[PDB]
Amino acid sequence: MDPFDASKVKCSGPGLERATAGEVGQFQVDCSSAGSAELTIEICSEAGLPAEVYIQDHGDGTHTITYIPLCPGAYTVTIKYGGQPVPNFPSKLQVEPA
């Protein structure tokens, strides 16, 4: 049982690096050593519109994140744990044309 620590959160996977408009993208957010708190994820278009985002909890503290960006351009990926930004975030995500 670890205590809540936002600095222990680790993220990875293809959908944090590139994306294609209209295509589903995926990545992982691993809280297993980070304790328990609210995970918030916002993938925000250049124009300020949130992309559709789904979270799947695997029970071990790891989550799979799924989203579809609709607008070619630069998205901002915001990830917080207990209201605190996790390491390497927020980050830019380039969304290519379909």
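Numbers for residues come from their place in the sequence shown, where the first is 1.
*Asks:* Pick between 1-9 and 89-97: the one whose mean CA B-factor in the entry is higher.
*Replies:* So the stretch with the higher mean C-alpha B-factor is 1-9.
*Asks:* By the entry's C-alpha temperature factors, tell me which of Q28, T40, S32, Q56 sits highest.
*Replies:* By C-alpha B-factor in the record, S32 ranks first.
*Asks:* Which third, lowest, middle or highest, does the C-alpha temperature factor of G82 belong to within its own chain?
*Replies:* It belongs to the lowest third of the chain when residues are ordered by C-alpha B-factor.
*Asks:* Which third, lowest, middle or highest, does the CA B-factor of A47 fall in along this chain?
*Replies:* Tercile = highest for this residue's CA B-factor.
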